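Visitor: My structure is stored as target_1.pdb, with PDB, C-alpha atoms and all ligand atoms.
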```pdb
ATOM      1  CA  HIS C   1     -46.633 -30.114 -23.732  1.00  0.00           C
ATOM      2  CA  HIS C   2     -44.616 -31.579 -20.758  1.00  0.00           C
ATOM      3  CA  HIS C   3     -41.164 -30.080 -21.790  1.00  0.00           C
ATOM      4  CA  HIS C   4     -40.944 -27.552 -18.842  1.00  0.00           C
ATOM      5  CA  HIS C   5     -38.858 -30.121 -16.754  1.00  0.00           C
ATOM      6  CA  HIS C   6     -35.926 -29.899 -19.344  1.00  0.00           C
ATOM      7  CA  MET C   7     -35.696 -26.168 -18.454  1.00  0.00           C
ATOM      8  CA  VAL C   8     -32.160 -24.693 -18.869  1.00  0.00           C
ATOM      9  CA  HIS C   9     -30.877 -21.298 -17.571  1.00  0.00           C
ATOM     10  CA  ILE C  10     -29.857 -19.373 -20.704  1.00  0.00           C
ATOM     11  CA  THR C  11     -27.609 -16.278 -20.579  1.00  0.00           C
ATOM     12  CA  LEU C  12     -26.604 -14.011 -23.443  1.00  0.00           C
ATOM     13  CA  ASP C  13     -23.026 -13.849 -24.810  1.00  0.00           C
ATOM     14  CA  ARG C  14     -22.004 -10.100 -25.028  1.00  0.00           C
ATOM     15  CA  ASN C  15     -19.102 -10.958 -27.375  1.00  0.00           C
ATOM     16  CA  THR C  16     -21.489 -12.237 -30.105  1.00  0.00           C
ATOM     17  CA  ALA C  17     -23.846  -9.211 -29.932  1.00  0.00           C
ATOM     18  CA  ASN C  18     -24.245  -6.655 -32.691  1.00  0.00           C
ATOM     19  CA  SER C  19     -22.477  -3.495 -31.465  1.00  0.00           C
ATOM     20  CA  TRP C  20     -25.813  -1.573 -31.044  1.00  0.00           C
ATOM     21  CA  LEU C  21     -27.273  -4.065 -28.552  1.00  0.00           C
ATOM     22  CA  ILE C  22     -27.534  -3.469 -24.800  1.00  0.00           C
ATOM     23  CA  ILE C  23     -27.444  -6.644 -22.688  1.00  0.00           C
ATOM     24  CA  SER C  24     -28.513  -6.345 -19.031  1.00  0.00           C
ATOM     25  CA  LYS C  25     -26.079  -6.972 -16.112  1.00  0.00           C
ATOM     26  CA  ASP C  26     -27.740 -10.374 -15.416  1.00  0.00           C
ATOM     27  CA  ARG C  27     -27.270 -11.335 -19.143  1.00  0.00           C
ATOM     28  CA  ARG C  28     -31.028 -12.214 -19.336  1.00  0.00           C
ATOM     29  CA  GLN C  29     -32.382  -9.195 -21.345  1.00  0.00           C
ATOM     30  CA  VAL C  30     -31.348  -7.515 -24.606  1.00  0.00           C
ATOM     31  CA  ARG C  31     -32.629  -4.441 -26.465  1.00  0.00           C
ATOM     32  CA  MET C  32     -31.693  -2.260 -29.437  1.00  0.00           C
ATOM     33  CA  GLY C  33     -29.720   0.857 -28.460  1.00  0.00           C
ATOM     34  CA  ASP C  34     -30.244   4.172 -30.284  1.00  0.00           C
ATOM     35  CA  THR C  35     -26.467   4.181 -31.250  1.00  0.00           C
ATOM     36  CA  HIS C  36     -23.188   2.116 -31.242  1.00  0.00           C
ATOM     37  CA  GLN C  37     -22.625   0.875 -27.662  1.00  0.00           C
ATOM     38  CA  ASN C  38     -18.859   1.726 -27.532  1.00  0.00           C
ATOM     39  CA  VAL C  39     -17.515  -1.865 -27.794  1.00  0.00           C
ATOM     40  CA  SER C  40     -14.563  -3.088 -29.913  1.00  0.00           C
ATOM     41  CA  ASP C  41     -15.301  -5.138 -33.075  1.00  0.00           C
ATOM     42  CA  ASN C  42     -14.480  -8.896 -33.114  1.00  0.00           C
ATOM     43  CA  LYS C  43     -15.036 -11.817 -35.501  1.00  0.00           C
ATOM     44  CA  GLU C  44     -17.958 -13.243 -33.364  1.00  0.00           C
ATOM     45  CA  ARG C  45     -20.235 -10.141 -33.638  1.00  0.00           C
ATOM     46  CA  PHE C  46     -23.237 -10.222 -35.995  1.00  0.00           C
ATOM     47  CA  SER C  47     -22.455  -7.165 -38.189  1.00  0.00           C
ATOM     48  CA  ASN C  48     -25.624  -6.601 -40.315  1.00  0.00           C
ATOM     49  CA  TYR C  49     -28.545  -7.376 -37.965  1.00  0.00           C
ATOM     50  CA  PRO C  50     -29.487  -6.893 -34.263  1.00  0.00           C
ATOM     51  CA  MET C  51     -28.584 -10.513 -33.317  1.00  0.00           C
ATOM     52  CA  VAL C  52     -26.931 -12.157 -30.299  1.00  0.00           C
ATOM     53  CA  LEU C  53     -26.269 -15.767 -29.193  1.00  0.00           C
ATOM     54  CA  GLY C  54     -26.776 -17.535 -25.868  1.00  0.00           C
ATOM     55  CA  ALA C  55     -23.532 -18.521 -24.093  1.00  0.00           C
ATOM     56  CA  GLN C  56     -24.671 -22.152 -23.732  1.00  0.00           C
ATOM     57  CA  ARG C  57     -23.674 -24.767 -26.369  1.00  0.00           C
ATOM     58  CA  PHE C  58     -25.760 -27.958 -26.731  1.00  0.00           C
ATOM     59  CA  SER C  59     -24.532 -31.170 -28.475  1.00  0.00           C
ATOM     60  CA  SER C  60     -26.917 -33.742 -26.802  1.00  0.00           C
ATOM     61  CA  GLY C  61     -30.133 -34.106 -24.775  1.00  0.00           C
ATOM     62  CA  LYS C  62     -33.356 -32.190 -24.407  1.00  0.00           C
ATOM     63  CA  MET C  63     -33.409 -28.440 -23.560  1.00  0.00           C
ATOM     64  CA  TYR C  64     -36.285 -25.957 -22.994  1.00  0.00           C
ATOM     65  CA  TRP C  65     -36.335 -22.189 -22.374  1.00  0.00           C
ATOM     66  CA  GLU C  66     -38.855 -19.272 -22.618  1.00  0.00           C
ATOM     67  CA  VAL C  67     -38.546 -15.790 -24.085  1.00  0.00           C
ATOM     68  CA  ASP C  68     -40.744 -12.687 -23.417  1.00  0.00           C
ATOM     69  CA  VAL C  69     -41.656 -10.764 -26.646  1.00  0.00           C
ATOM     70  CA  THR C  70     -44.236  -8.370 -25.077  1.00  0.00           C
ATOM     71  CA  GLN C  71     -45.031  -5.277 -27.211  1.00  0.00           C
ATOM     72  CA  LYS C  72     -42.481  -6.038 -29.970  1.00  0.00           C
ATOM     73  CA  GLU C  73     -43.376  -5.571 -33.648  1.00  0.00           C
ATOM     74  CA  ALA C  74     -40.464  -7.646 -35.069  1.00  0.00           C
ATOM     75  CA  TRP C  75     -38.049 -10.370 -33.749  1.00  0.00           C
ATOM     76  CA  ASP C  76     -36.496 -13.729 -34.667  1.00  0.00           C
ATOM     77  CA  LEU C  77     -36.045 -16.594 -32.105  1.00  0.00           C
ATOM     78  CA  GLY C  78     -34.738 -20.139 -32.137  1.00  0.00           C
ATOM     79  CA  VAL C  79     -31.365 -21.972 -32.300  1.00  0.00           C
ATOM     80  CA  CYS C  80     -28.455 -21.985 -34.683  1.00  0.00           C
ATOM     81  CA  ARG C  81     -25.193 -23.793 -35.336  1.00  0.00           C
ATOM     82  CA  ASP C  82     -22.185 -22.409 -33.470  1.00  0.00           C
ATOM     83  CA  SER C  83     -20.503 -21.971 -36.923  1.00  0.00           C
ATOM     84  CA  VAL C  84     -23.155 -19.731 -38.596  1.00  0.00           C
ATOM     85  CA  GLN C  85     -21.910 -16.788 -40.676  1.00  0.00           C
ATOM     86  CA  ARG C  86     -21.566 -13.569 -38.570  1.00  0.00           C
ATOM     87  CA  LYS C  87     -20.648 -10.976 -41.269  1.00  0.00           C
ATOM     88  CA  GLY C  88     -22.626  -9.695 -44.240  1.00  0.00           C
ATOM     89  CA  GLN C  89     -26.086 -10.572 -45.526  1.00  0.00           C
ATOM     90  CA  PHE C  90     -27.755 -13.977 -45.152  1.00  0.00           C
ATOM     91  CA  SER C  91     -31.195 -15.591 -44.846  1.00  0.00           C
ATOM     92  CA  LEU C  92     -32.461 -17.589 -41.858  1.00  0.00           C
ATOM     93  CA  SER C  93     -32.852 -21.201 -43.079  1.00  0.00           C
ATOM     94  CA  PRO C  94     -31.802 -24.684 -41.999  1.00  0.00           C
ATOM     95  CA  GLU C  95     -29.401 -24.753 -45.009  1.00  0.00           C
ATOM     96  CA  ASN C  96     -27.582 -21.751 -43.395  1.00  0.00           C
ATOM     97  CA  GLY C  97     -27.668 -23.345 -39.889  1.00  0.00           C
ATOM     98  CA  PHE C  98     -30.781 -21.685 -38.358  1.00  0.00           C
ATOM     99  CA  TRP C  99     -34.009 -23.166 -36.882  1.00  0.00           C
ATOM    100  CA  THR C 100     -36.131 -20.073 -36.154  1.00  0.00           C
ATOM    101  CA  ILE C 101     -39.578 -18.409 -36.208  1.00  0.00           C
ATOM    102  CA  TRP C 102     -40.270 -14.694 -36.448  1.00  0.00           C
ATOM    103  CA  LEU C 103     -42.779 -11.867 -36.300  1.00  0.00           C
ATOM    104  CA  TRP C 104     -42.718  -9.343 -39.175  1.00  0.00           C
ATOM    105  CA  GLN C 105     -45.409  -6.869 -40.345  1.00  0.00           C
ATOM    106  CA  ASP C 106     -48.212  -8.431 -38.291  1.00  0.00           C
ATOM    107  CA  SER C 107     -47.486 -12.025 -39.566  1.00  0.00           C
ATOM    108  CA  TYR C 108     -45.682 -14.967 -37.907  1.00  0.00           C
ATOM    109  CA  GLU C 109     -43.529 -17.254 -40.123  1.00  0.00           C
ATOM    110  CA  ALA C 110     -41.142 -20.203 -39.677  1.00  0.00           C
ATOM    111  CA  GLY C 111     -37.643 -19.749 -41.189  1.00  0.00           C
ATOM    112  CA  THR C 112     -37.854 -22.530 -43.776  1.00  0.00           C
ATOM    113  CA  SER C 113     -36.641 -21.887 -47.379  1.00  0.00           C
ATOM    114  CA  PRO C 114     -38.977 -20.530 -48.541  1.00  0.00           C
ATOM    115  CA  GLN C 115     -40.673 -19.319 -45.294  1.00  0.00           C
ATOM    116  CA  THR C 116     -43.823 -21.011 -43.910  1.00  0.00           C
ATOM    117  CA  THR C 117     -46.936 -19.122 -42.724  1.00  0.00           C
ATOM    118  CA  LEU C 118     -47.805 -19.780 -39.044  1.00  0.00           C
ATOM    119  CA  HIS C 119     -51.432 -19.850 -37.769  1.00  0.00           C
ATOM    120  CA  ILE C 120     -51.522 -18.128 -34.351  1.00  0.00           C
ATOM    121  CA  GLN C 121     -54.992 -17.065 -33.015  1.00  0.00           C
ATOM    122  CA  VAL C 122     -53.605 -15.568 -29.713  1.00  0.00           C
ATOM    123  CA  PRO C 123     -50.566 -13.252 -30.344  1.00  0.00           C
ATOM    124  CA  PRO C 124     -47.890 -14.618 -27.968  1.00  0.00           C
ATOM    125  CA  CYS C 125     -46.295 -12.541 -25.189  1.00  0.00           C
ATOM    126  CA  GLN C 126     -43.942 -15.484 -24.252  1.00  0.00           C
ATOM    127  CA  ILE C 127     -42.546 -18.215 -26.578  1.00  0.00           C
ATOM    128  CA  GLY C 128     -41.272 -21.630 -25.383  1.00  0.00           C
ATOM    129  CA  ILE C 129     -38.407 -23.259 -27.367  1.00  0.00           C
ATOM    130  CA  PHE C 130     -37.746 -27.010 -27.099  1.00  0.00           C
ATOM    131  CA  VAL C 131     -34.709 -28.774 -28.635  1.00  0.00           C
ATOM    132  CA  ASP C 132     -34.305 -32.584 -28.763  1.00  0.00           C
ATOM    133  CA  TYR C 133     -30.766 -33.002 -30.147  1.00  0.00           C
ATOM    134  CA  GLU C 134     -30.871 -36.773 -30.696  1.00  0.00           C
ATOM    135  CA  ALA C 135     -34.360 -36.712 -32.313  1.00  0.00           C
ATOM    136  CA  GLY C 136     -33.444 -33.742 -34.598  1.00  0.00           C
ATOM    137  CA  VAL C 137     -36.430 -31.622 -33.348  1.00  0.00           C
ATOM    138  CA  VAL C 138     -36.905 -27.906 -32.632  1.00  0.00           C
ATOM    139  CA  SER C 139     -40.411 -26.930 -31.422  1.00  0.00           C
ATOM    140  CA  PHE C 140     -42.046 -23.595 -30.530  1.00  0.00           C
ATOM    141  CA  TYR C 141     -44.906 -23.158 -28.031  1.00  0.00           C
ATOM    142  CA  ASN C 142     -47.330 -20.243 -27.348  1.00  0.00           C
ATOM    143  CA  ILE C 143     -47.091 -19.792 -23.516  1.00  0.00           C
ATOM    144  CA  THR C 144     -49.869 -17.071 -23.625  1.00  0.00           C
ATOM    145  CA  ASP C 145     -52.245 -19.737 -25.164  1.00  0.00           C
ATOM    146  CA  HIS C 146     -51.813 -22.612 -22.599  1.00  0.00           C
ATOM    147  CA  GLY C 147     -48.633 -23.850 -24.340  1.00  0.00           C
ATOM    148  CA  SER C 148     -50.239 -24.520 -27.751  1.00  0.00           C
ATOM    149  CA  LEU C 149     -47.875 -25.713 -30.528  1.00  0.00           C
ATOM    150  CA  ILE C 150     -46.700 -23.042 -32.984  1.00  0.00           C
ATOM    151  CA  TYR C 151     -44.256 -24.985 -35.188  1.00  0.00           C
ATOM    152  CA  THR C 152     -42.045 -28.145 -35.247  1.00  0.00           C
ATOM    153  CA  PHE C 153     -38.889 -28.502 -37.355  1.00  0.00           C
ATOM    154  CA  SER C 154     -38.232 -32.232 -37.655  1.00  0.00           C
ATOM    155  CA  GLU C 155     -35.516 -34.248 -39.460  1.00  0.00           C
ATOM    156  CA  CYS C 156     -33.132 -31.425 -38.441  1.00  0.00           C
ATOM    157  CA  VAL C 157     -29.490 -31.815 -39.556  1.00  0.00           C
ATOM    158  CA  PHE C 158     -27.800 -29.762 -36.763  1.00  0.00           C
ATOM    159  CA  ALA C 159     -24.288 -30.726 -37.986  1.00  0.00           C
ATOM    160  CA  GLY C 160     -22.610 -29.140 -34.940  1.00  0.00           C
ATOM    161  CA  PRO C 161     -23.115 -27.690 -31.488  1.00  0.00           C
ATOM    162  CA  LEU C 162     -26.273 -25.492 -31.157  1.00  0.00           C
ATOM    163  CA  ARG C 163     -26.584 -22.054 -29.530  1.00  0.00           C
ATOM    164  CA  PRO C 164     -29.766 -20.149 -28.489  1.00  0.00           C
ATOM    165  CA  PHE C 165     -30.392 -17.471 -31.156  1.00  0.00           C
ATOM    166  CA  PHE C 166     -32.069 -14.031 -30.773  1.00  0.00           C
ATOM    167  CA  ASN C 167     -32.823 -11.038 -33.056  1.00  0.00           C
ATOM    168  CA  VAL C 168     -34.430  -7.994 -31.321  1.00  0.00           C
ATOM    169  CA  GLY C 169     -35.136  -6.426 -34.767  1.00  0.00           C
ATOM    170  CA  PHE C 170     -34.606  -2.902 -36.024  1.00  0.00           C
ATOM    171  CA  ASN C 171     -36.588  -0.006 -34.600  1.00  0.00           C
ATOM    172  CA  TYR C 172     -37.228   2.150 -37.721  1.00  0.00           C
ATOM    173  CA  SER C 173     -40.919   2.586 -36.617  1.00  0.00           C
ATOM    174  CA  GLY C 174     -40.314   3.731 -33.021  1.00  0.00           C
ATOM    175  CA  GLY C 175     -42.644   0.873 -31.978  1.00  0.00           C
ATOM    176  CA  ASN C 176     -40.043  -1.933 -31.580  1.00  0.00           C
ATOM    177  CA  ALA C 177     -37.767  -0.685 -28.738  1.00  0.00           C
ATOM    178  CA  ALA C 178     -38.944  -3.282 -26.173  1.00  0.00           C
ATOM    179  CA  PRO C 179     -36.416  -5.952 -25.069  1.00  0.00           C
ATOM    180  CA  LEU C 180     -36.316  -9.728 -25.491  1.00  0.00           C
ATOM    181  CA  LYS C 181     -36.193 -11.222 -21.965  1.00  0.00           C
ATOM    182  CA  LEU C 182     -35.302 -14.753 -20.813  1.00  0.00           C
ATOM    183  CA  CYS C 183     -38.182 -15.753 -18.447  1.00  0.00           C
ATOM    184  CA  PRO C 184     -37.594 -17.316 -15.040  1.00  0.00           C
ATOM    185  CA  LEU C 185     -37.935 -21.106 -14.554  1.00  0.00           C
TER     186      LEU C 185
HETATM  187  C1  LIG E   1     -31.686 -11.322 -46.485  1.00  0.00           C
HETATM  188  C2  LIG E   1     -32.434 -10.714 -45.334  1.00  0.00           C
HETATM  189  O1  LIG E   1     -33.455 -10.060 -45.502  1.00  0.00           O
HETATM  190  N1  LIG E   1     -31.900 -10.953 -44.115  1.00  0.00           N
HETATM  191  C3  LIG E   1     -32.229 -10.341 -42.875  1.00  0.00           C
HETATM  192  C4  LIG E   1     -32.670  -9.003 -42.807  1.00  0.00           C
HETATM  193  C5  LIG E   1     -32.906  -8.480 -41.567  1.00  0.00           C
HETATM  194  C6  LIG E   1     -32.734  -9.221 -40.415  1.00  0.00           C
HETATM  195  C7  LIG E   1     -32.306 -10.518 -40.456  1.00  0.00           C
HETATM  196  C8  LIG E   1     -32.048 -11.092 -41.706  1.00  0.00           C
HETATM  197  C9  LIG E   1     -31.576 -12.518 -41.766  1.00  0.00           C
HETATM  198  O2  LIG E   1     -33.057  -8.464 -39.308  1.00  0.00           O
HETATM  199  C10 LIG E   1     -33.673  -7.299 -39.859  1.00  0.00           C
HETATM  200  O3  LIG E   1     -33.312  -7.213 -41.241  1.00  0.00           O
END
```
Represent the structure from my file as structure tokens, please.

Guide:
Amino acid sequence: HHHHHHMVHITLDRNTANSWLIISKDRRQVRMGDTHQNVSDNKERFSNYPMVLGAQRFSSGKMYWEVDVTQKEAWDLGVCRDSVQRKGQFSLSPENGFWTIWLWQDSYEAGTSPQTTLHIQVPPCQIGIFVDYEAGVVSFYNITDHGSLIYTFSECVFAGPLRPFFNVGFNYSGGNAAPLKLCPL
């Protein structure tokens, strides 16, 4: 791919974070804490899952960023509508305003309804995410494997401004403590 030149500097929005997340000073890394992180509740925070949004909102153009997933056992990545549900239980699907992929139990899947099996020969340590707003495209790239395509959502109906979307996952196993990190341009 030749999407690198639409690179955008993403930062995480503390106010949207689940109350157990720890966001670094530079707003470029996030991990699961072992307890509540001593913040007040607000209507933006994801209540049920270890999720956080990027601060940036996109309503036009082409955007590209990269995320480090080294040593994680579980995570979700992609984009979502600014108006997605924050409270209670929900699935990740385009009908609910999400365009995502994930790792779970040693398998990679795209967040379609129902979910789609991904075919990845080289487990990724860094994921590239490309959004073309006007074309209605969200694509995922395996940076560890020379940028190979992972998945393309096409005919997307965004229906609003988009935000970068992250889920660090639970750490029930003791093997999923590692952070998600936004990689340098
Ligand atoms: C209905 C359902 O299983 N939802 C869900 C469960 C999760 C999660 C994210 C989502 C969307 O992060 C870890 O546990």

Visitor: Could you give me, as CSV, every chain C residue with an atom at most 8 Å from ligand LIG 1 (chain E), plus its closest atom pair and distance in Å to one decimal, counting all atoms listed in the file, rows ordered by chain then number?

Guide:
```
residue,atom,partner,partner_atom,distance
C:48,CA,E:LIG1,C6,7.6
C:49,CA,E:LIG1,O2,4.8
C:50,CA,E:LIG1,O2,6.4
C:51,CA,E:LIG1,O2,7.8
C:75,CA,E:LIG1,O2,7.7
C:76,CA,E:LIG1,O2,7.8
C:89,CA,E:LIG1,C1,5.7
C:90,CA,E:LIG1,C1,4.9
C:91,CA,E:LIG1,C9,4.4
C:92,CA,E:LIG1,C9,5.1
C:167,CA,E:LIG1,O2,6.8
C:169,CA,E:LIG1,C10,5.4
C:170,CA,E:LIG1,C10,5.9
```

Visitor: Which residues of stretch 78-155 of chain C come within 12 Å of stretch 174-181 of chain C, and what is each one's closest atom pair and distance in Å (one decimal), counting all atoms listed in the file, sorted by chain and residue number, as a tab-separated table?

Guide:
```
residue	atom	partner	partner_atom	distance
C:103	CA	C:176	CA	11.3
C:104	CA	C:176	CA	10.9
C:105	CA	C:176	CA	11.4
C:125	CA	C:180	CA	10.4
C:126	CA	C:181	CA	9.1
C:127	CA	C:181	CA	10.5
```

Visitor: Please enumerate the residues selected by the PyMOL selection byres (((chain C and resi 150) around 8) and not hetatm) when evaluated against the supplied file, formatted as a PDB file with C-alpha atoms, keeping the file's coordinate frame.

Guide:
```pdb
ATOM      1  CA  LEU C 118     -47.805 -19.780 -39.044  1.00  0.00           C
ATOM      2  CA  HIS C 119     -51.432 -19.850 -37.769  1.00  0.00           C
ATOM      3  CA  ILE C 120     -51.522 -18.128 -34.351  1.00  0.00           C
ATOM      4  CA  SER C 139     -40.411 -26.930 -31.422  1.00  0.00           C
ATOM      5  CA  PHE C 140     -42.046 -23.595 -30.530  1.00  0.00           C
ATOM      6  CA  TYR C 141     -44.906 -23.158 -28.031  1.00  0.00           C
ATOM      7  CA  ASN C 142     -47.330 -20.243 -27.348  1.00  0.00           C
ATOM      8  CA  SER C 148     -50.239 -24.520 -27.751  1.00  0.00           C
ATOM      9  CA  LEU C 149     -47.875 -25.713 -30.528  1.00  0.00           C
ATOM     10  CA  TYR C 151     -44.256 -24.985 -35.188  1.00  0.00           C
ATOM     11  CA  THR C 152     -42.045 -28.145 -35.247  1.00  0.00           C
TER      12      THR C 152
END
```

Visitor: Taking only C-alpha atoms into account, which of C:146, C:3, C:36, C:81 comes nearest residue C:56?

Guide: C:81

Visitor: Do you know which residues are at most 10 Å from residue C:185 counting only C-alpha atoms, after dropping those on the same chain fewer than 6 positions away, and could you put them as a PDB file with C-alpha atoms, keeping the file's coordinate frame?

Guide:
```pdb
ATOM      1  CA  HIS C   4     -40.944 -27.552 -18.842  1.00  0.00           C
ATOM      2  CA  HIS C   5     -38.858 -30.121 -16.754  1.00  0.00           C
ATOM      3  CA  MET C   7     -35.696 -26.168 -18.454  1.00  0.00           C
ATOM      4  CA  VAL C   8     -32.160 -24.693 -18.869  1.00  0.00           C
ATOM      5  CA  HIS C   9     -30.877 -21.298 -17.571  1.00  0.00           C
ATOM      6  CA  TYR C  64     -36.285 -25.957 -22.994  1.00  0.00           C
ATOM      7  CA  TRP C  65     -36.335 -22.189 -22.374  1.00  0.00           C
ATOM      8  CA  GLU C  66     -38.855 -19.272 -22.618  1.00  0.00           C
TER       9      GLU C  66
END
```

Visitor: What is the distance, in Å and to one decimal place, between atom CA of residue C:154 and atom CA of residue C:137?

Guide: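 Those two atoms sit 4.7 Å apart.
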
Visitor: Let me make sure I understand: among C:41, C:134, C:73, C:68, which one has the smallest atom-to-atom distance to residue C:28 if we use all atoms listed in the file?

Guide: C:68

Visitor: Which residue, C:94, C:54, C:161, C:123, has the smallest gap to residue C:108 when you use all atoms listed in the file?

Guide: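 Looking at the shortest contact to residue C:108, the residue is C:123.
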
Visitor: Rounded to one decimal place, report the atom CA of residue C:87-atom CA of residue C:107 distance in Å.

Guide: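 So the two atoms, atom CA of residue C:87 and atom CA of residue C:107, lie 26.9 Å apart.
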
Visitor: At a cut-off of 7 Å, using all atoms listed in the file, what residues contact residue C:162? Leave out same-chain residues fewer than 5 positions from it and give the result as a list in words.

Guide: residues 57, 58, 59, 79, 80, 81 and 82 of chain C

Visitor: Rank nothing, just name the residue among C:157, C:22, C:122, C:12 nearest to residue C:99, using all atoms listed in the file.

Guide: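 Using all atoms listed in the file, residue C:99 sits closest to C:157.
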
Visitor: How far is it from atom CA of residue C:86 to atom CA of residue C:173, in Å with one decimal?

Guide: 25.3 Å

Visitor: Once 8 Å is added on each side, what are the centre and the three edge lengths, in Å to one decimal, of the axis-aligned box enclosing the listed atoms of stretch 70-87 of chain C? Present them as AutoDock Vina command-line options.

Guide:
```
--center_x -32.8 --center_y -14.5 --center_z -33.2 --size_x 40.5 --size_y 34.5 --size_z 32.2
```

Visitor: Considering all atoms listed in the file, state which residue in the set C:21, C:168, C:131, C:55 is at the smallest distance from residue C:156.

Guide: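 The shortest atom-to-atom distance to residue C:156 comes from C:131.
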